[PDB]
Amino acid sequence: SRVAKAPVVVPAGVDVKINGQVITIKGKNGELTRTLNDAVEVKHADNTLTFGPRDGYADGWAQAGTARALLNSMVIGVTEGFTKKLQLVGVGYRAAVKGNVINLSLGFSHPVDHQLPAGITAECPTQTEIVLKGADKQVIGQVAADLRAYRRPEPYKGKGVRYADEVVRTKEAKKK
Amino acid sequence: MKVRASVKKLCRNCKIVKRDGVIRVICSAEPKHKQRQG
Amino acid sequence: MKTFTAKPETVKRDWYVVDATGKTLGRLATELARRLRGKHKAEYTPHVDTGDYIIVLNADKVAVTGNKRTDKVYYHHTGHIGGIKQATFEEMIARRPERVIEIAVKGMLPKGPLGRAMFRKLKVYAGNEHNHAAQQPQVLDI
Amino acid sequence: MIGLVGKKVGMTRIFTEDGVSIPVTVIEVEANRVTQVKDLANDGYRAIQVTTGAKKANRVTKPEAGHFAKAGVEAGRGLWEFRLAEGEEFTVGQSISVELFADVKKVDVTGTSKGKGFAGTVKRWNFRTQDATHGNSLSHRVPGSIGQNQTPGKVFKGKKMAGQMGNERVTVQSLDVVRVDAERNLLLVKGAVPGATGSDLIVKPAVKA
RNA sequence: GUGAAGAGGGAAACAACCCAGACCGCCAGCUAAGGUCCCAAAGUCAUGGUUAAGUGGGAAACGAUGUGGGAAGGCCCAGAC
RNA sequence: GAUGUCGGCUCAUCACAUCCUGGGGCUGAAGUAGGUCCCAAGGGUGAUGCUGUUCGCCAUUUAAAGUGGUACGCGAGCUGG
RNA sequence: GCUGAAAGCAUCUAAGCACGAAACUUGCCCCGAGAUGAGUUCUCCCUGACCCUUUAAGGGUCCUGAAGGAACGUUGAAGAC
């Protein structure tokens, strides 16, 4: 609704192309393509994109809003991309990026090795934090999520992988 | 998770959402309030 | 006078090929059944097989509305006590797609020897190719 | 991988230097001669069909003789097929011998178990016997009840009861290869394998990994 | 009222429910209750709307930003949520 | 003008309202161990003393010694307390 | 859980994308083309005359008898037969 009715403005140096329903975005950080669902139409107006519902479709406005947000995040991605920071807290928890593989040591009796997807690049500024950079918001969010899933923050010390900004809200055992 | 036939908002931060046909209460304040209809 | 009856020896059967791409399962199956039975000809008789041979291609492209693609369940019993076995629509399409159309049509046909004989006249194919070119099937649009 | 066809010579032991007795089954595998090769184009699947042993020419029927003539191999006492993996190819008339198993160290053996004949329910299905005394009358090895009352009103499919036991195909898996002896045409596997002495065996590399 | 002492059609099958009271024959027609996609006779009929669960095709107290429609009411372009 | 009745033995088979094993949410969940609820029926699920006993109480086990339907499953299969 | 509107916020869901159990479909073992929807592959064998009539069919005579099979016998770690 209000989201769909706010056009997204393409900056200079980013390119868009609309093949019927498939949108493709060129940018300095690369390529993002996505097929919109049938209920939404998009027009390339002057250095801007406008989203509206097809006729004869129910809930077209909801689809238009989703498509608008997706494309706005898309163009935000092809410039500067997105990044996510993860922290490791707990004694002996370490991270190390080697090529495109993340080596983690979350107190297991086996090594844990995470393969990154195509467009995501990781780097560890120090021993105990990770910074992911990528173009597509969904993929980098997914990677951060299943990296956290290896050892999610337990509620008594916060030990484990956490998002750098998230709060943990630990508690305490009984007395005695 | 409280699985019960009558799910209700318990605090201000707890919220009602219909996920996959089933009504759920998800509450950010604390997990004690997380509910499901069944 | 007596009412006319078709003769099994001198009845005329034709060949048609139907492309089942995007067609609703039951809507296609009813027409298939009424044409296999011979209900579309003025010399139809209940006790004689007066229908036509039908070739169905692209059986895996058949369509169902609603949520039936993951919710329609085919049940069958093997005759033992474990016995009861089930497969959804999508699993049937993946395993043997020609069976969904075969089962629908078999359900819509009469039971007994003549219904089995009518079912024998249906040739269902998963792909887009058939090897009955010698019979010269003509395109039938359903 | 493909396997070979052998004969159960018998059973013996191998004494190891550290003082361990290994019960071994001795399988004599002669050269297996590829009689046919089947591929996707002609047969719809890949396999090689071999023969082994030898048989007297006076009762090789003309159809079988003609089949062996195409391969140009000597007539054997039977024919068996082996499905081919994606890697290997074989040629018609090729001879396959025991050093196929030179470094396999685990095989499955398939045979025809010894035929016990019409066996009762105690021997066939490990049915408990009933009392030998305490008034038991004519029912000492009988099966007992075979169903419920009126509600099923029928005996269920697959009910365990007396019948033919033995004389059927049995596979024993993951048998250790004690040794492979190429010049004597021998395979020594640890343990016992199905069948009586002098019967055909099919030895394959272990699939159970 | 019906069965008993009443057959026929419908209700899948179903004395006692619904329609309807069999003198006999016809390879004639119109209807009742029920129905008209195929089994299986007859609308894949027309116009307008509703529902998305296979609800229709089992079941309550109670619970819920499911949607369809009304009658009213505040907060507000002096800027509302 | 006959449908054999309690318990044991032999042989079972299904349901899931799950005893164990499998997966999870919350915990007044530090760990170990628990409590409670949700998903799950693939397989498994004691041999003794007393009593006709089912049950039960005991003695020792076990990962566990499930709850029910099957004419209180089973006497043209046994027993006959 | 990720991204994400409806509902400028939130939201695992409405579009889209991930994980997730001894249950399910496979994977392992056996039976299995009477799968009358009776499948495939390889190999082998048989290429003589004549008559009749209710003929589009068939019947019959003479010559021929293959590949195989069965029967019989000696039997089997196969077996009630």
Side-chain angles (χ1 to χ4, degrees), chain A residues 1-4 6 34 36-37 39 59 61-70 73 137-139 141-142 144-146 149 155-156 172-174, chain B residues 1-3 5-8 15-21 23 26 31-32 34 36-38, chain C residues 1-3 26-27 29-31 33-34 37 66-68 71 81 86-87 91 95 107-111 115 120, chain D residues 36 38 42-44 49 61-67 69-70 114-115 117-118 127-131 134-139 142-152 156 159-160 167-171 173 196-199 207-208:
Chain A
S1 298
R2 319 170 133 270
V3 180
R34 179 193 281 300
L36 291 213
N37 96 321
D59 85 337
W61 271 119
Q63 309 288 321
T66 287
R68 186 281 182 191
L70 288 198
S73 273
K137 197 198 199 123
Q138 201 249 303
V139 201
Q142 183 66 90
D146 46 357
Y156 296 100
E172 181 47 332
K174 310 71 153 72
Chain B
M1 197 93 111
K2 302 190 172 63
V3 185
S6 147
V7 312
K8 274 150 163 333
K15 190 166 316 332
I16 300 208
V17 47
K18 197 198 231 135
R19 293 219 244 254
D20 217 358
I23 293 274
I26 54 144
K32 204 71 91 83
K34 170 143 64 83
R36 179 193 128 101
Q37 261 213 327
Chain C
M1 49 121 153
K2 319 259 285 164
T3 285
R27 312 273 190 171
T30 61
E31 181 76 32
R34 78 177 281 261
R37 179 161 217 231
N67 287 343
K68 316 214 253 263
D71 268 9
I81 285 270
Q86 51 147 282
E91 319 176 31
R95 185 219 64 245
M108 281 168 219
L109 282 167
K111 316 302 181 273
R120 270 193 271 281
Chain D
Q36 225 180 321
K38 295 158 136 173
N42 197 38
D43 312 75
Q49 201 224 132
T61 66
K62 288 183 83 323
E64 313 182 331
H67 184 60
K70 274 238 307 173
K114 302 159 82 133
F118 197 114
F127 276 33
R128 268 224 90 211
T129 36
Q130 267 147 93
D131 266 279
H134 295 304
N136 189 327
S137 63
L138 304 212
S139 325
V142 290
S145 190
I146 72 199
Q148 294 101 279
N149 203 270
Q150 159 168 183
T151 278
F156 291 126
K159 176 102 181 43
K160 282 158 154 123
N167 199 34
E168 61 185 47
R169 179 217 191 81
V170 184
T171 289
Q173 315 219 270
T197 278
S199 50
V207 66
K208 260 302 172 53

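Here is how names work: the chains are called A, B, and so on, in the same order as the sequence lines, proteins then strands, and each is numbered from 1. As a basis for the values below, the full set of heavy atoms in this structure was taken, side chains included, without hydrogen atoms, waters or symmetry mates.
Remark: B/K18 engages B/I23 in a side chain to side chain contact (heavy atoms under 4.5 Å, CB included) (not counting sequence neighbours). Residues that satisfy the salt bridge (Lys or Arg N to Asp or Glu O under 4.0 Å) test with D/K38, not counting sequence neighbours, are D/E81. Residues forming a side chain to side chain contact (heavy atoms under 4.5 Å, CB included) with A/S1 (at least two apart in sequence, or on another chain): A/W61. Qualifying salt bridge (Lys or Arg N to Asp or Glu O under 4.0 Å) partners for C/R34, counting only residues two or more places apart in sequence or in other chains: C/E31. Judged as a side-chain hydrogen bond (donor to acceptor under 3.5 Å, both in side chains), and not counting sequence neighbours, the contacts of D/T171 are D/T110. For C/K68, the side chain to side chain contact (heavy atoms under 4.5 Å, CB included) partners are C/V64, C/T65, C/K72, not counting sequence neighbours. For the side-chain hydrogen bond (donor to acceptor under 3.5 Å, both in side chains) test, residues two or more places apart in sequence or in another chain that qualify with A/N37 are A/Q63. With sequence neighbours excluded, the residues that form a side-chain hydrogen bond (donor to acceptor under 3.5 Å, both in side chains) with D/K208 are D/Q173.
Across all strands shown, D/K62 has heavy atoms under 4.0 Å from sugar-phosphate atoms exclusively, and none from any base. Looking at heavy-atom distances under 4.0 Å, C/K2 makes contact with a base. Residue contacts shown for A/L70 include a base, since a base heavy atom lies under 4.0 Å away. Nucleic acid contact for B/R36: none, since no nucleic acid atom lies under 4.0 Å from a heavy atom of the residue. Counting non-hydrogen atoms under 4.0 angstrom, C/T3 reaches a base of the nucleic acid. Backbone-only engagement by D/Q36 is indicated by non-hydrogen atom pairs under 4.0 Å involving sugar-phosphate atoms exclusively. Note on A/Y156: a base of the nucleic acid sits closer than 4.0 angstrom, heavy atoms only. Within 4.0 Å of D/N136, counting heavy atoms only, lie sugar-phosphate atoms of the nucleic acid but no base atom. Residue A/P155 is in base contact, counting any heavy-atom pair closer than 4.0 Å across all strands shown. Note on D/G144: a base of the nucleic acid sits closer than 4.0 angstrom, heavy atoms only. As judged by a 4.0 angstrom heavy-atom cut-off over every strand, D/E64 is placed among residues making no nucleic acid contact. Across all strands shown, D/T171 has heavy atoms under 4.0 Å from sugar-phosphate atoms exclusively, and none from any base. No engagement by D/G44 is indicated, since no non-hydrogen atom pair under 4.0 Å with the nucleic acid exists. Using a 4.0 Å heavy-atom distance criterion, A/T66 is classed as a base contact.
The glycosidic torsion of F/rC72 lies within 90° of 0, placing the base in the syn range. Classified by its glycosidic torsion, G/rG8 falls in the syn category, the angle being within 90° of 0. Because its glycosidic torsion is more than 90° from 0, F/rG52 is reported here as anti.
The base-pairing partner of E/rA52, taking Watson-Crick or G-U wobble contacts with both distances under 3.5 Å, does not exist among the strands shown. Under the Watson-Crick and G-U wobble criteria, each requiring two contacts below 3.5 Å, nucleotide F/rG34 is paired to F/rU27. Judged by Watson-Crick or G-U wobble contacts below 3.5 Å, the nucleotide E/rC27 has no partner. Base pairing analysis places F/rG68 opposite F/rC14; the two distances defining the Watson-Crick or G-U wobble pair are each below 3.5 Å. Nucleotide E/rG58 has no partner under the Watson-Crick or G-U criteria, as no pair reaches both atom distances under 3.5 Å.
F/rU51 and F/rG81 make neither a Watson-Crick nor a G-U wobble pair with both donor-acceptor distances under 3.5 Å.
When all heavy atoms are compared, the tightest approach of D/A196 to D/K114 is N-CG, 3.7 Å.
When RNA chain F is scanned in the 5' to 3' direction for atoms under 4.0 Å from non-hydrogen atoms of chain A, the outermost contacting nucleotides are F/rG28 to F/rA30. Here chain D contacts RNA chain G (any atom closer than 4.0 Å to a heavy atom, that is under 4.0 Å), and the contacts span G/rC28 to G/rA80 from 5' to 3'.
The nearest heavy atom of RNA chain G to D/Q173 and to D/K38 marks one nucleotide each, and the one closer to the 5' end goes with D/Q173. Heavy-atom nearest nucleotides on RNA chain G were determined for D/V207 and for D/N42, and the one closer to the 5' end corresponds to D/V207. The 5' end of RNA chain F is approached more closely, in terms of each residue's nearest nucleotide, by D/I146 than by the other of D/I146 and D/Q130.
Where pairing requires Watson-Crick or G-U contacts shorter than 3.5 Å, the helical stems of RNA chain G with at least three consecutive pairs are G:48-53 with G:57-62.
Sugar conformation at G/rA18 is north: the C1'-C2'-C3'-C4' dihedral has a positive sign, consistent with the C3'-endo side. A negative value of the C1'-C2'-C3'-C4' dihedral assigns E/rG57 to the south, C2'-endo side.
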Identify each atom pair where a protein N or O and an N or O of nucleotides 39-43 of chain E are less than 3.5 Å apart, giving names and distance.
from	atom 1	to	atom 2	distance (Å)
E/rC39	OP1	C/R37	NH1	2.8
E/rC39	OP1	C/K39	NZ	3.4
E/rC39	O4'	C/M108	O	3.2
E/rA40	OP2	C/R37	NH2	3.1
E/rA41	OP2	C/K39	NZ	3.2

